[PDB]
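Coordinate analysis (summary)
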Amino acid sequence: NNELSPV
Amino acid sequence: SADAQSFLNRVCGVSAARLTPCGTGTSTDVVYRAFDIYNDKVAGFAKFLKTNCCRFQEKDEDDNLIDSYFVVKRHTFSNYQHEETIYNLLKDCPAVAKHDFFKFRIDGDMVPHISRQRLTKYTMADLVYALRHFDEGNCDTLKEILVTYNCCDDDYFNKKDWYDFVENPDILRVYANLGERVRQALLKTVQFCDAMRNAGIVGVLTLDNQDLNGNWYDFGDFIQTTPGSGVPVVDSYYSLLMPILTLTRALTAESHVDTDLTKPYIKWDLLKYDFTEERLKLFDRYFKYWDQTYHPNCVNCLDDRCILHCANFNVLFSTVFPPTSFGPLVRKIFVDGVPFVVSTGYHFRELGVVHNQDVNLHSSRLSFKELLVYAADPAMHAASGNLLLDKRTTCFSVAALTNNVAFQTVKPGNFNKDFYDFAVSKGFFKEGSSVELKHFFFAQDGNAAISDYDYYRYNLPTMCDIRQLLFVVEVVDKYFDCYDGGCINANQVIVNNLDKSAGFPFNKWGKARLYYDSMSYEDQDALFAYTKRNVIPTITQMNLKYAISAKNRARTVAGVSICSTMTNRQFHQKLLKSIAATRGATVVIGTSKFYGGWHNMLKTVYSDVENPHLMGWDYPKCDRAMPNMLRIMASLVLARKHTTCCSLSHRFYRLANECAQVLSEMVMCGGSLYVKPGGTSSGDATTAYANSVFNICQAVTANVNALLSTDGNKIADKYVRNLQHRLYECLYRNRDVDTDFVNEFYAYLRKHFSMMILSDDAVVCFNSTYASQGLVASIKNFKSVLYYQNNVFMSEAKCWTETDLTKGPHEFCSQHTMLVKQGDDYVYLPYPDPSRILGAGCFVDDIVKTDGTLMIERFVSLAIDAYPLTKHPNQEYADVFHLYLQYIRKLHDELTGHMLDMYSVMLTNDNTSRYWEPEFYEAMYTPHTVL
Ligand SMILES: [Zn+2]
Ligand SMILES: [Zn+2]
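With that settled, the discussion passes to the overall build of chain B. What chain B contains, in helices and strands, is 29 helices and 30 strands. Its C-alpha atoms give chain B a radius of gyration of 33 Å, within 12% of the compact-globule value 30 Å for 931 residues. Dimensions of chain B, computed from the C-alpha atoms along their principal axes, are close to 120 × 80 × 55 Å. For chain B, restricting intrachain contacts to residue pairs at least 6 apart in sequence, the fraction spanning at least 24 positions comes to 72%.

If you want it as structure tokens, here you go:
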């Protein structure tokens, strides 16, 4: 799990 | 079962695969794997537990298990649709694994499954984690990986020390059997980036989404844009992987004719030294989507953070090019019509090509400083020598300056028989005693200097994690923040002793004094100004030491040239003097142990840690094994004080001079010239301070690696969890410095991990409950860091831990500690090994002993060293101090006796008795300085 824009 | 067997043959698609379950029915399979996570509440690179997967292994004709797996997974219907949408746009790339989407009913309801076909057992994250967190106590994954790809056999590990780099240098060969897989994976990653750009897809690439054949999967965090405008994010993929590219030598195929390992090597012409277009081609072939400017020649870099970035890529690319193209660049000039051969530039492995700015071809009679500069160069010495082929060593051999080879030996010591007899007559050296002699003068034979020089084979080219290093460098700089430096003039320089050697060839005509007298202040200033626009390479000489020790290996020092030393002093002395004048800091160079100093240092390091323990560690082959990237970094930190006195170009040329003079220069060993691969040269003007910078750097990186490899779902304190989340962003998501977080992390380190540093010796006081939870570094973290960032194995038998603070560190600077009562207050005192003191008494270089009446001050000094042993509980230890006092009295009586018998001179005993009474020696350890 590695996200672009978590917030 | 009907369900299990129907599931098996549905997993078997239209292909022809003979599958066999991995110990499961229709249920998932749980494993323990390395992941790179960042999801708004947890971040890091650590081993988690993988839960939702069913694995089937594949068979071949002869019913044997093969390294192919079908990995199926159940998830929610919305993820199924999204991943199927993304795959159909990417299905045609050859770097994408084959996916199969179907629906199966485990109960009255139907659930969707995604099957990936023909993966390997491990991924690219498992290998990187295994090599960056090495522990020989449990290394199952690394051993399995090595045997499954034919790097070695399974009985290779029955050898002991099979992993050690210094013992068993053969392991390097084993690790070089993985390079081609890594190269293939890189090429596939470039293809996948191109496909993502063309399809219009945006996402971050992680190492656990690529297997060891080079294929990609797991498109669940991707999103879609218009075709031709996709953007892949590759920052943590490449940075986490960089250290592994030099350990496996992944780029060895680039030195063959068609990048094929079954063909001969490329044949370059010997006159070529540029290779600037080859470097750009390599960069564009393997790092196409890394979006920061690369300068093949670091003379075009913008600041010192830029230089580190580009020199790191240069370290890797320079391994492809012939080794004879590196070093000084020479050409022909004319003086009064006669031709010379002089150096006009340099070709560095890390920095590229540098050309001198002030070179004149036609000139009349030359001056004093020009003569100095031309006599210092190796150009004329090497051009007029013989060709040499030295098969005793594996280093690069240049020339032989004469017609004979020299073989230098080391002599034994001199025996002081009177002191030994006096000691024997007082009950010393009996059988079963706890005091005995183990410090001697060891002798060496003819081929001892060359054997010692060949220890530079332990210096290897090393690539760093660049994004991790750029943060550690900012933290290391907070430690060197209370000092001031800058340039000084020739008339402000202080030299301790002017009767020491000037080096080669200047030691033919005098000592250093001769050169500080002949040169005026305006001559020295002009020489200093010349080195801010030009490079002057020099020659270092190797000298054998003649001293007392406990082990029988020859020791050597480097004598550096006067030209290098004179200018380095003017560049660095103001800062070096400022560090040595400070009390209460982390670096404790300049503080004395007398008059209460030892106590003050210990109380400062104890500070106010909460559950304090004490710790000390070891650096194997410290100066022969230091990677070049960390010596460069150490130089850049000391030069950050020159923000007003020097320009950017001036600073670059000073760095280039330092590298060409004390990092990879010509060394004269015997009467021949050799090339130094790297490492530090103990004997340059900034040795101990650079060692301090290096030591602090390794400690900071061990703490950073400890904190990020911890499962953040199990950290109870929410403040320490927010700190872990911010460390990851500042390493792999932020491109510029964040000064608020650098201050915060630096304070956290000064509260829980408190250091005392002296030029690679250290003591640490640390919070014990934080270290057990992984929040602070331990001895195992240091061991891991030294393995992948230093190329050594640290045995934990040379490290110590202490859980009681009323006993001071086990060892610091060869001293022990004891808490004694001195006039109403308890204090810490240092003491030596009794063997060292007695050996200094018994073995010496002639005259200096074997007649004590000629030098009685030697024994007064040795008694000052030995005084604190009177406080020891063991009785054989206090006898040492009393033996020294009685021998001093005996020598004084014997000396006054001689003068009266043969001559009639009568000596007086005025204020001499003080030397055989203990009050003179007690006052050296009491808190009030005298003199
Ligand atoms: Zn640059
Ligand atoms: Zn300056």
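Now that the structure has been shown, the text picks up again.
Next up on the list: helix 7 (residues 235–247) of chain B. The periodicity of an α-helix, 3.6 residues per turn, causes residues three or four places apart in sequence to face the same way. Approximately 40° is the largest bend angle found in helix 7 of chain B, and it occurs at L241 of chain B, with the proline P243 of chain B only one to four residues beyond. Remark: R249 of chain B follows helix 7 of chain B within two positions and exhibits a positive phi of approximately 50°.

On to the coordination of the zinc ion (ligand 1), then. Ideal coordination angles are 109.5 degrees for a metal with four donors arranged tetrahedrally and 90 or 180 degrees for a metal with six donors arranged octahedrally. All names here are of chain B. Protein coordination of the zinc ion (ligand 1) is provided by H295 (ND1), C301 (SG), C306 (SG) and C310 (SG), with donor distances spanning 2.3 to 2.4 Å. Between the four donor atoms coordinating the zinc ion (ligand 1), the angles at the centre fall across 101 to 128°, so the site counts as tetrahedral. For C306, a relative accessible area of 6% corresponds to the buried category. Exposure remark for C310: the relative accessible area of 0% places this residue in the buried category.

As a further point, take the packing of aromatic side chains. Residue and element names in this part refer to chain B. Applying the stated criterion across every chain, the model contains 69 aromatic pairs over all chains. Ring geometry for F283 against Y294: centres 5.1 Å apart, planes inclined by 25°, an arrangement best described as stacked. Linking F283 in helix 8 (residues 276–286) with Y294 in the loop between helix 8 and helix 9 (304–317), this pair joins segments that are eleven residues apart in sequence. Both residues of the pair, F283 and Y294, belong to the buried class. When the ring of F471 is compared with that of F741, the centres are 6.2 Å apart and the planes differ by 35°; the resulting orientation is tilted. Linking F471 in helix 14 (residues 466–479) with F741 in helix 23 (residues 739–752), this pair joins segments that are 270 residues apart in sequence. Of the two residues examined, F471 and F741, each falls in the buried class. Pairwise contacts between aromatic rings join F192, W216, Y237, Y238, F283, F287, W290, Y294, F313 and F317 into one cluster. Across the ring face of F102, the terminal group of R10 is positioned such that the distance to the ring centre comes to 4.6 Å. The cationic tip of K426 hangs over the ring face of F422; the distance from NZ or CZ to the ring centre is 4.9 Å.

Residue and element names in this part refer to chain B. Within the first shell, the zinc ion (ligand 2) binds the protein through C487 (SG), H642 (ND1), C645 (SG) and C646 (SG), at distances of 2.1 to 2.4 Å. Because the angles between the four donor atoms bound to the zinc ion (ligand 2) fall within 93 to 117°, the donor set is best described as tetrahedral. Donor residues for the zinc ion (ligand 2) sit on one chain with the sequence pattern C-x154-H-x2-C-C. Placement of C487 in the loop between helix 14 and helix 15 (512–518) and of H642 in the loop between helix 19 (628–638) and helix 20 (648–662) is noted, with a sequence separation of 155 residues between them. Relative accessible area serves as the criterion here: at 23%, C487 is assigned to the partly exposed category.

If you check the domain split of chain B, you get domain 1 (2–193) and domain 2 (832–925). Taking only C-alpha atoms into account, the centre of domain 1 of chain B sits 73 Å from that of domain 2 of chain B.

Bringing helix 2 (residues 77–90) of chain B into the picture now. Residue and element names in this part refer to chain B. Across its 14 residues, helix 2 extends 20 Å between first and last C-alpha, which sits within 8% of the 20 Å expected from 1.5 Å per residue. Every buried residue of helix 2 is accounted for by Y80, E83, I86, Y87 and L90. For helix 2, the buried positions fall inside an angular range of 140° around the axis, keeping them on one side. Those residues of helix 2 that are buried lie in contact with strand 5 (65–74), strand 6 (98–105), strand 7 (110–119), helix 6 (179–199) and strand 8 (201–204).

Residue and element names in this part refer to chain B. One ladder, built from eight bridges, connects strand 6 with strand 7; its direction is antiparallel. Note that in strand 7 the partner of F102 across the bridge is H113. Linking two consecutive strands that pair antiparallel, namely strand 6 and strand 7, is a turn of four residues.

Calculation criteria
All residue numbers given refer to positions from 1 along each chain's written sequence rather than to the entry's numbering, and residues for which no coordinates exist are omitted. Here the convention is simple: chains get letters from A, ligands get numbers from 1, in the order in which they are written. Derived side-chain values reflect all non-hydrogen atoms in the structure, with water molecules and hydrogen atoms excluded from consideration. Residues with missing side-chain atoms are left out of burial classes, side-chain pairs and their counts. Working definition: helices are DSSP H or I runs of at least four residues, strands are E runs of at least two. Numbering for both runs from the N terminus. All radius of gyration figures rest on C-alpha atoms, and the globule criterion is 2.2 Å times the number of residues raised to 0.38. The contact criterion used throughout is that any non-hydrogen atoms of two residues lie within 4.5 Å. Fitting one axis to the seven residues ending at a residue and another to the seven starting there, the bend at that residue is the angle between the two axes. Donor criterion used throughout: N, O or S atom within 2.8 Å of the metal, extended to 3.2 Å for Na, K and Ca. Water excluded; incomplete-looking sites may result. Labels for metal geometry use angle windows, namely 85 to 135 degrees for all angles of a four-donor tetrahedral site, and for square planar (four donors) or octahedral (six donors) sites opposite donors over 155 degrees apart plus all others within 65 to 115; sites meeting none of these are irregular. Whether a residue is buried, partly exposed or exposed follows from its accessible area with a 1.4 Å probe, protein chains only, as a fraction of its type maximum: under 20%, in between, or over 50%, in that order. Each pair of aromatic rings taken from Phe, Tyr and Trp, with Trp reduced to its six-membered ring, is defined by centres within 6.5 Å and is described as stacked if the planes are under 30 degrees apart, edge-to-face if over 60, and tilted in the remaining cases. Either the NZ atom of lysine or the CZ atom of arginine qualifies as a charge over a ring when it sits within 6 Å of the ring centre and within 35 degrees of the ring normal. Per the annotation, domain bounds derive from an automatic or database assignment of domains. What a helix is expected to span follows from its residue count: subtract one and scale by 1.5 Å. Read the arc as the range of directions from the helix axis to the C-beta atoms. One bridge is not enough; two strands pair if DSSP finds at least two bridges between them.

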